[PDB]
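S.K.:
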Amino acid sequence: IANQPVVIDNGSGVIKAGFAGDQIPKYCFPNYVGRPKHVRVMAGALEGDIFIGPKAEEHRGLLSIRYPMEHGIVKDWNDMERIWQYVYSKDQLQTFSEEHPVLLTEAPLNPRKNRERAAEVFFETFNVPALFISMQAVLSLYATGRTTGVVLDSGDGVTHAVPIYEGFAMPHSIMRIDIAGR
Amino acid sequence: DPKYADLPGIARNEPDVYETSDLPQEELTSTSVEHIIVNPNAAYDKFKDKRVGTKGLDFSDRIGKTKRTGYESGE
Ligand SMILES: Nc1ncnc2c1ncn2[C@@H]1O[C@H](COP(=O)(O)OP(=O)(O)O)[C@@H](O)[C@H]1O
Numbered sequence: 007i008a009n010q011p012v013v014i015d016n017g018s019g020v021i022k023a024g025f026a027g028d029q030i031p032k033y034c035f036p037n038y039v040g041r042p043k044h045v046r047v048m049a050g051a052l053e054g055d056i057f058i059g060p061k062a063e064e065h066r067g068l069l070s071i072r073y074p075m076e077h078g079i080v081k082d083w084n085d086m087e088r089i090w091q092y093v094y095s096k097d098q099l100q101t102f103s104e105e106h107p108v109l110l111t112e113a114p115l116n117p118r119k120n121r122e123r124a125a126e127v128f129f130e131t132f133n134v135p136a137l138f139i140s141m142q143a144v145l146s147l148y149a150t151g152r153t154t155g156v157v158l159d160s161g162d163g164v165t166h167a168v169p170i171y172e173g174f175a176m177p178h179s180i181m182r183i184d185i186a187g188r
Numbered sequence: 003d004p005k006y007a008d009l010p011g012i013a014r015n016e017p018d019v020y021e022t023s024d025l026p037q038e039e040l041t042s043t044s045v046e047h048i049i050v051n052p053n054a055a056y057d058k059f060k061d062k063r064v065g066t067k068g069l070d071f072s073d074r075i076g077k078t079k080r081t082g083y084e085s086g087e
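In order, the protein sequence lines correspond to chains E and b. Take the first sequence: its letters are residues 7 to 188, numbered as in the deposited numbering. Take the second sequence: its letters are residues 3 to 26, 37 to 87, numbered as in the deposited numbering.
(1) How would you label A8/E, buried or exposed, when you count the other beta carbons within 10 angstroms and need 16 or more for buried?
(2) Per DSSP, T111/E is paired with what?
(3) Name the chain E residues that come within less than 7 Å of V64/b, Cβ to Cβ?
(4) Just the C-alpha distance for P117/E and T111/E, rounded to the nearest angstrom, thanks.
(5) Would you say the beta carbon of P36/E comes nearer than 7 Å to a heavy atom of ligand 1?
(6) With the cut-off set at 8 Å, would you say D82/E and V134/E are in Cβ contact?
(7) Rounded to whole angstroms, how far is the Cβ of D15/E from the Cβ of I21/E, which I believe are closer than 8 Å?
(8) Can you find a heavy atom of ligand 1 that lies under 7 Å from the Cβ of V20/E?
(9) With a CB to CB cut of under 7 Å and the five nearest residues on each side skipped, what residues in its chain are close to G24/E?
(10) Give a single yes or no on whether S160/E has its beta carbon closer than 7 Å to a heavy atom of ligand 1.
(11) Taking DSSP as the reference, what is the three-state secondary structure of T153/E?
(12) So with Cβ pairs under 8 Å, would you call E76/E a contact of chain b?
(13) Mapping the DSSP letters down to three states, classify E21/b as helix, strand or coil.
(14) What is the C-beta distance between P107/E and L137/E, in whole angstroms, given that I count them as a contact (C-beta under 8 Å)?
(15) Hey, out of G78/E, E105/E, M176/E, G163/E, whose CA is closest to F129/E's CA?
(16) Less than 8 Å between the C-beta atoms of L52/E and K43/E, yes or no?
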């Protein structure tokens, strides 16, 4: 039988995460792949060789940050796993891949191969019971409650004019320009 | 003394060893120093249990894979 899903709001630049029914994504931090830049010497010098969050802010110019999300389109799938592991950790999820259903966000018309790659992760390495990944604009429409709506929204290195109306799939009218604030 | 007795020219009443009667930090006290002991055994036992892994921490004019880091392995 299923469990409580986890509302994980990703994005080209910032990831948001909380469980189902919550009002606040309890685990928010941007989308980044950090790992050290120096020669570790003394004892107590934090191992893991990949650090996120307080360690990231704590070691800003000490950790080489990476952004494989080429306008959201990521390439360090292994590091994506580890990002989720950071979430999976006692820090954010404190659970397993099977202990909870997953919810995830998807930008429009991305290469399907990426999605499938993530599915390989989510159901082979990670073992998601049930999930679904789709348009963030749709979720924003749920928040507004509107059904008829041209959603203008931009990620961090992605811009996307999304003319929607009552869930009607209008990909010809719907656009996206993968360039933004990044 | 017996030599003094047997030698005629040797006079006496001589205080032989004639002598002269001779008669007999702040840096820590500054407005800003805090000289503190680390409590060697306390801090030692603290960091002692903190294992350190290493795996060929090699650096001297070694070319290949530009970035390097000491104490490579984990423990
Ligand atoms: N006040 C702000 N001004 C400009 N840019 C911001 C601000 N707050 C967040 N951002 C950037 O804009 C992006 C937010 O748009 P969103 O669609 O959430 O992006 P993403 O899809 O990249 O998470 C964030 O990734 C962040 O880098």
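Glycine included, C-beta positions come from ideal geometry on N, C-alpha and C.
M.R.: Concretely, from the data shown:
(1) Taking the first sequence and counting its residues from 1, the one referred to as residue 8/E is at position 2. Counting Cβ neighbours within 10 Å, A8/E comes out exposed, since fewer than 16 surround it.
(2) Reading the first sequence from its first residue, position 105 is the one you call residue 111/E. BP columns for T111/E point to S140/E.
(3) As a first step, residue 64/b is located in the second sequence; it is residue number 52 there, counting from the start. Per Cβ cutoff of 7 Å: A49.
(4) Here residue 117/E is taken as the residue at index 111 of the first sequence, counted from 1. Here residue 111/E is taken as the residue at index 105 of the first sequence, counted from 1. Approximately 14 Å between the Cα atoms of the pair.
(5) Taking the first residue of the first sequence as 1, we reach residue 36/E at position 30. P36/E: yes, Cβ under 7 Å from ligand 1.
(6) If you number the first sequence from 1, residue 82/E lands on position 76. If you number the first sequence from 1, residue 134/E lands on position 128. No, they are not a contact pair.
(7) Taking the first sequence and counting its residues from 1, one reaches residue 15/E at position 9. Taking the first sequence and counting its residues from 1, one reaches residue 21/E at position 15. 7 Å between Cβ atoms; contact.
(8) Indexing the first sequence from 1 puts residue 20/E at position 14. Yes, the Cβ of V20/E comes within 7 Å of a heavy atom of ligand 1.
(9) For this step, residue 24/E is matched to residue 18 along the first sequence. Contacts found: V13, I30, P31, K32, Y33.
(10) As a working note, residue 160/E is residue 154 in the first sequence. Yes, the beta carbon of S160/E sits closer than 7 Å to at least one heavy atom of ligand 1.
(11) If you number the first sequence from 1, residue 153/E lands on position 147. Coil, per DSSP.
(12) Taking the first sequence and counting its residues from 1, one reaches residue 76/E at position 70. Cβ-Cβ to chain b under 8 Å: no for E76/E.
(13) The count along the second sequence starts at 1 and reaches residue 21/b at position 19. The answer is coil: DSSP assigns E21/b none of H, G, I, E or B.
(14) Locating residue 107/E in the first sequence gives position 101, counting from the first residue. Locating residue 137/E in the first sequence gives position 131, counting from the first residue. Contact flag correct, Cβ pair sits at about 6 Å.
(15) Position 123 of the first sequence, counting from 1, holds the residue named residue 129/E. Ranking the options by Cα distance to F129/E, first place goes to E105/E.
(16) As a first step, residue 52/E is located in the first sequence; it is residue number 46 there, counting from the start. As a first step, residue 43/E is located in the first sequence; it is residue number 37 there, counting from the start. Cβ atoms of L52/E and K43/E: not closer than 8 Å.
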